[PDB]
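Everything below belongs to run29.cif, which stores mmCIF, C-alpha atoms and all ligand atoms.
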data_start
#
loop_
_atom_site.label_atom_id
_atom_site.label_comp_id
_atom_site.auth_asym_id
_atom_site.auth_seq_id
_atom_site.Cartn_x
_atom_site.Cartn_y
_atom_site.Cartn_z
CA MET A 2 0.00 0.00 0.00
CA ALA A 3 1.00 3.67 0.30
CA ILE A 4 3.70 3.06 2.93
CA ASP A 5 6.25 1.98 0.25
CA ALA A 6 6.46 5.64 -0.88
CA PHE A 7 7.97 6.52 2.52
CA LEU A 8 10.60 3.84 2.56
CA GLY A 9 14.24 4.87 2.58
CA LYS A 10 16.73 7.21 4.18
CA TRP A 11 15.83 10.89 4.41
CA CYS A 12 18.04 13.92 5.22
CA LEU A 13 16.73 17.11 6.79
CA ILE A 14 16.93 20.09 4.40
CA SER A 15 14.68 22.62 6.23
CA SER A 16 13.02 23.07 9.60
CA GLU A 17 10.58 25.80 10.59
CA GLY A 18 8.94 26.53 13.95
CA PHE A 19 10.60 23.56 15.64
CA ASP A 20 11.94 25.47 18.63
CA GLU A 21 8.41 26.76 19.42
CA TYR A 22 7.04 23.20 18.98
CA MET A 23 9.79 21.77 21.27
CA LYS A 24 8.95 24.52 23.77
CA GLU A 25 5.30 23.38 23.82
CA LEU A 26 6.46 19.81 24.40
CA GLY A 27 8.42 20.98 27.52
CA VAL A 28 11.94 20.54 26.16
CA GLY A 29 14.79 22.14 28.15
CA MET A 30 16.87 24.89 26.53
CA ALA A 31 20.05 22.86 25.90
CA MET A 32 18.14 20.04 24.32
CA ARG A 33 16.29 22.63 22.25
CA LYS A 34 19.60 23.94 21.03
CA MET A 35 20.56 20.39 20.07
CA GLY A 36 17.28 20.11 18.17
CA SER A 37 17.85 23.41 16.33
CA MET A 38 21.39 22.45 15.29
CA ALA A 39 20.61 18.84 14.40
CA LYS A 40 20.41 17.83 10.73
CA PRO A 41 19.31 14.25 11.23
CA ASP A 42 18.87 11.24 9.02
CA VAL A 43 15.56 9.46 9.28
CA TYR A 44 15.16 5.90 8.04
CA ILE A 45 11.73 4.59 7.41
CA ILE A 46 12.27 0.87 7.00
CA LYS A 47 9.67 -1.88 6.53
CA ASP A 48 10.14 -5.63 6.83
CA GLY A 49 7.21 -8.07 7.02
CA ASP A 50 4.53 -5.73 8.36
CA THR A 51 6.85 -4.03 10.82
CA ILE A 52 7.82 -0.44 10.09
CA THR A 53 10.65 1.39 11.80
CA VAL A 54 11.26 5.16 11.96
CA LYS A 55 14.95 5.53 12.98
CA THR A 56 16.29 9.05 13.71
CA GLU A 57 20.09 9.50 13.72
CA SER A 58 22.28 12.53 14.55
CA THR A 59 25.46 13.54 16.46
CA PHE A 60 23.36 14.68 19.40
CA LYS A 61 20.75 11.96 19.80
CA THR A 62 19.51 8.67 18.34
CA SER A 63 15.90 7.45 18.53
CA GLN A 64 13.91 4.69 16.95
CA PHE A 65 10.39 3.32 17.07
CA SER A 66 8.95 0.21 15.47
CA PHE A 67 5.32 -0.60 15.00
CA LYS A 68 2.55 -2.13 12.90
CA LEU A 69 -0.02 0.08 11.14
CA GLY A 70 -3.23 0.35 13.15
CA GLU A 71 -1.71 -1.06 16.39
CA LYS A 72 -1.04 1.09 19.43
CA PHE A 73 2.37 1.05 21.09
CA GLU A 74 4.47 2.80 23.75
CA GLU A 75 7.14 5.04 22.21
CA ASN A 76 10.21 6.60 23.82
CA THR A 77 10.45 9.92 21.97
CA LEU A 78 13.57 11.94 20.96
CA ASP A 79 13.03 14.26 23.95
CA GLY A 80 12.51 11.36 26.41
CA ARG A 81 8.71 11.25 26.49
CA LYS A 82 7.04 7.86 26.85
CA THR A 83 3.81 8.05 24.88
CA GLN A 84 0.99 5.80 23.69
CA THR A 85 1.25 6.15 19.92
CA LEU A 86 -0.97 5.21 17.02
CA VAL A 87 0.20 5.35 13.45
CA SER A 88 -2.19 5.16 10.49
CA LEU A 89 -2.34 5.88 6.73
CA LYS A 90 -5.13 8.16 5.46
CA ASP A 91 -6.70 7.77 1.95
CA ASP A 92 -4.48 10.83 1.06
CA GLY A 93 -2.42 8.87 1.89
CA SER A 94 -0.39 10.68 4.49
CA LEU A 95 1.05 8.95 7.50
CA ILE A 96 -0.40 10.06 10.85
CA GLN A 97 1.28 9.52 14.14
CA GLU A 98 -0.83 10.39 17.17
CA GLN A 99 1.00 10.61 20.54
CA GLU A 100 -0.63 10.82 23.99
CA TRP A 101 1.00 11.28 27.36
CA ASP A 102 0.36 12.87 30.72
CA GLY A 103 -3.12 13.92 29.49
CA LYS A 104 -1.49 15.73 26.49
CA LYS A 105 -1.63 15.15 22.71
CA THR A 106 0.48 15.97 19.64
CA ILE A 107 -0.03 14.98 16.05
CA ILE A 108 2.75 14.52 13.50
CA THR A 109 1.81 14.04 9.82
CA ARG A 110 4.24 12.90 7.13
CA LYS A 111 3.51 13.17 3.44
CA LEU A 112 5.34 13.11 0.19
CA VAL A 113 5.26 16.33 -1.76
CA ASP A 114 7.42 16.56 -4.90
CA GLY A 115 9.58 13.60 -3.76
CA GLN A 116 10.26 15.15 -0.33
CA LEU A 117 9.17 13.96 3.10
CA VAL A 118 7.18 16.78 4.57
CA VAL A 119 6.63 16.42 8.34
CA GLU A 120 4.13 18.70 10.05
CA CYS A 121 3.70 18.61 13.82
CA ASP A 122 0.94 20.21 15.90
CA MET A 123 0.89 20.67 19.67
CA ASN A 124 -1.83 22.98 21.04
CA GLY A 125 -2.05 24.80 17.68
CA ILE A 126 1.70 25.40 17.81
CA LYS A 127 2.88 24.31 14.39
CA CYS A 128 6.20 23.17 13.00
CA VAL A 129 7.18 21.76 9.58
CA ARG A 130 10.36 19.88 8.60
CA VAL A 131 11.29 18.67 5.12
CA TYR A 132 13.65 15.84 4.25
CA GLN A 133 15.31 14.89 0.98
CA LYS A 134 15.98 11.32 -0.11
CA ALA A 135 19.64 10.63 0.65
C1 LIG B 1 15.89 15.78 15.90
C2 LIG B 1 17.33 15.88 16.39
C3 LIG B 1 17.54 15.11 17.69
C4 LIG B 1 18.52 15.82 18.61
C5 LIG B 1 17.77 16.81 19.47
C6 LIG B 1 17.07 16.09 20.60
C7 LIG B 1 16.31 17.13 21.36
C8 LIG B 1 15.08 17.54 21.09
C9 LIG B 1 14.30 17.01 19.95
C10 LIG B 1 12.82 17.16 20.22
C11 LIG B 1 12.14 15.86 19.82
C12 LIG B 1 10.64 16.01 19.66
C13 LIG B 1 10.22 16.33 18.24
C14 LIG B 1 10.59 15.19 17.29
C15 LIG B 1 9.49 14.94 16.25
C16 LIG B 1 10.03 14.84 14.84
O1 LIG B 1 11.27 14.82 14.66
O2 LIG B 1 9.19 14.78 13.91
#
How does this structure look as structure tokens?
Amino acid sequence: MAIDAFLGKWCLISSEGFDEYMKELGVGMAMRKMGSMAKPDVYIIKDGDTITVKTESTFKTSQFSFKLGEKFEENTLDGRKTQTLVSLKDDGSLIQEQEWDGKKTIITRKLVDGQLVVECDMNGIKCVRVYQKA
């Protein structure tokens, strides 16, 4: 299905509003600096039905594996532990819903002109990051 379009290694080429989004998530200033400086690689890998989103950089490494439609606890880049659900819309964009501590954030990923466009919302605070195929 549509997930195959996402598969591969992706390199950050732009980031906008990420500091404000990280602020809303509760990230400390140093870690926010790491996030602003980072230009990470993101691997979206699938084998069998299991998908992995693996985020690599000099500062921090993170990874989460899951099946589509099946909830799971995620350890996030900033050290949150969330209940996450990941789904594909008819669009079909990839939606990742995260819930923790009575809070909620939504990260969408779509392909626009061959680029992975990631849009995150937290309390109407918006951020968008774009990756290029490696
Ligand atoms: C992304 C570079 C990792 C190094 C910086 C780690 C510190 C803060 C990162 C905030 C993580 C929360 C937002 C991640 C969501 C996303 O990447 O789509």
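Where the distance criterion is 7 Å and the atoms used are all atoms listed in the file, the residues close to ligand LIG 1 (chain B) are residues 23, 28, 32, 33, 35, 36, 39, 40, 41, 58, 60, 61, 62, 77, 78, 79, 108, 119 and 121 of chain A.
The protein and nucleic acid residues lying at most 12 Å from residue 66 (chain A) are residues 44, 45, 46, 47, 48, 49, 50, 51, 52, 53, 54, 55, 56, 71, 72, 73, 74, 75, 76, 77, 85, 86 and 87 of chain A, with only C-alpha atoms considered and sequence neighbours fewer than 4 positions away removed.
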Query raised in the report: If you count only C-alpha atoms, which residues fall within 9 Å of residue 127 (chain A), apart from same-chain ones fewer than 6 positions away, as a VMD selection string?
Result: chain A and resid 17 to 19 21 to 22 120 to 121
Query - Protein, DNA and RNA residues within 10 Å of (4.3, 17.5, 5.4), all atoms listed in the file, as a ChimeraX atom specification - result: /A:94-95,108-113,116-121,128-132
Requested in this report: Find the spatial neighbours of residue 25 (chain A), counting all atoms listed in the file, within a cut-off of 8 Å - ignore same-chain residues fewer than 4 positions away - and output them as a list in words.
Outcome: residues 21, 123, 124 and 126 of chain A
Report task. Have a look at CA of residue 59 (chain A) and CA of residue 24 (chain A) and let me know their distance in Å, one decimal. Result -> 21.1 Å
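Reported to one decimal place, the separation of CA of residue 31 (chain A) from CA of residue 14 (chain A) is 21.9 Å.
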Would you fill out region 32-51 of chain A with N, CA and C atoms and return it as a PDB file, in the coordinates of the input?
ATOM      1  N   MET A  32      18.677  21.018  25.232  1.00  0.00           N
ATOM      2  CA  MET A  32      18.140  20.040  24.320  1.00  0.00           C
ATOM      3  C   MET A  32      17.485  20.729  23.126  1.00  0.00           C
ATOM      4  N   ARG A  33      16.888  21.889  23.351  1.00  0.00           N
ATOM      5  CA  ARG A  33      16.290  22.630  22.250  1.00  0.00           C
ATOM      6  C   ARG A  33      17.338  23.161  21.311  1.00  0.00           C
ATOM      7  N   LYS A  34      18.465  23.589  21.857  1.00  0.00           N
ATOM      8  CA  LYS A  34      19.600  23.940  21.030  1.00  0.00           C
ATOM      9  C   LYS A  34      20.086  22.743  20.197  1.00  0.00           C
ATOM     10  N   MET A  35      20.170  21.563  20.799  1.00  0.00           N
ATOM     11  CA  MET A  35      20.560  20.390  20.070  1.00  0.00           C
ATOM     12  C   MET A  35      19.603  20.125  18.918  1.00  0.00           C
ATOM     13  N   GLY A  36      18.309  20.277  19.177  1.00  0.00           N
ATOM     14  CA  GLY A  36      17.280  20.110  18.170  1.00  0.00           C
ATOM     15  C   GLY A  36      17.342  21.113  17.045  1.00  0.00           C
ATOM     16  N   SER A  37      17.678  22.365  17.353  1.00  0.00           N
ATOM     17  CA  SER A  37      17.850  23.410  16.330  1.00  0.00           C
ATOM     18  C   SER A  37      19.081  23.205  15.435  1.00  0.00           C
ATOM     19  N   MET A  38      20.163  22.718  16.024  1.00  0.00           N
ATOM     20  CA  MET A  38      21.390  22.450  15.290  1.00  0.00           C
ATOM     21  C   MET A  38      21.319  21.134  14.538  1.00  0.00           C
ATOM     22  N   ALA A  39      20.555  20.168  15.025  1.00  0.00           N
ATOM     23  CA  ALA A  39      20.610  18.840  14.400  1.00  0.00           C
ATOM     24  C   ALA A  39      20.126  18.879  12.941  1.00  0.00           C
ATOM     25  N   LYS A  40      20.824  18.130  12.097  1.00  0.00           N
ATOM     26  CA  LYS A  40      20.410  17.830  10.730  1.00  0.00           C
ATOM     27  C   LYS A  40      20.404  16.319  10.628  1.00  0.00           C
ATOM     28  N   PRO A  41      19.315  15.700  11.105  1.00  0.00           N
ATOM     29  CA  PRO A  41      19.310  14.250  11.230  1.00  0.00           C
ATOM     30  C   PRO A  41      18.955  13.475   9.974  1.00  0.00           C
ATOM     31  N   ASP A  42      19.343  12.203   9.990  1.00  0.00           N
ATOM     32  CA  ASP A  42      18.870  11.240   9.020  1.00  0.00           C
ATOM     33  C   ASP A  42      17.683  10.492   9.658  1.00  0.00           C
ATOM     34  N   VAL A  43      16.729  10.149   8.826  1.00  0.00           N
ATOM     35  CA  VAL A  43      15.560   9.460   9.280  1.00  0.00           C
ATOM     36  C   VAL A  43      15.395   8.300   8.319  1.00  0.00           C
ATOM     37  N   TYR A  44      15.428   7.086   8.848  1.00  0.00           N
ATOM     38  CA  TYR A  44      15.160   5.900   8.040  1.00  0.00           C
ATOM     39  C   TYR A  44      13.775   5.399   8.364  1.00  0.00           C
ATOM     40  N   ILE A  45      12.987   5.265   7.320  1.00  0.00           N
ATOM     41  CA  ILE A  45      11.730   4.590   7.410  1.00  0.00           C
ATOM     42  C   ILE A  45      11.968   3.300   6.687  1.00  0.00           C
ATOM     43  N   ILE A  46      11.930   2.210   7.444  1.00  0.00           N
ATOM     44  CA  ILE A  46      12.270   0.870   7.000  1.00  0.00           C
ATOM     45  C   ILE A  46      11.025   0.012   7.204  1.00  0.00           C
ATOM     46  N   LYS A  47      10.730  -0.909   6.291  1.00  0.00           N
ATOM     47  CA  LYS A  47       9.670  -1.880   6.530  1.00  0.00           C
ATOM     48  C   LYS A  47      10.190  -3.271   6.257  1.00  0.00           C
ATOM     49  N   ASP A  48       9.889  -4.220   7.135  1.00  0.00           N
ATOM     50  CA  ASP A  48      10.140  -5.630   6.830  1.00  0.00           C
ATOM     51  C   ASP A  48       8.985  -6.468   7.408  1.00  0.00           C
ATOM     52  N   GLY A  49       8.460  -7.390   6.624  1.00  0.00           N
ATOM     53  CA  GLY A  49       7.210  -8.070   7.020  1.00  0.00           C
ATOM     54  C   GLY A  49       6.175  -6.984   7.063  1.00  0.00           C
ATOM     55  N   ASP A  50       5.443  -6.866   8.163  1.00  0.00           N
ATOM     56  CA  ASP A  50       4.530  -5.730   8.360  1.00  0.00           C
ATOM     57  C   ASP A  50       5.081  -4.700   9.315  1.00  0.00           C
ATOM     58  N   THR A  51       6.329  -4.844   9.740  1.00  0.00           N
ATOM     59  CA  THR A  51       6.850  -4.030  10.820  1.00  0.00           C
ATOM     60  C   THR A  51       7.592  -2.874  10.189  1.00  0.00           C
TER      61      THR A  51
END
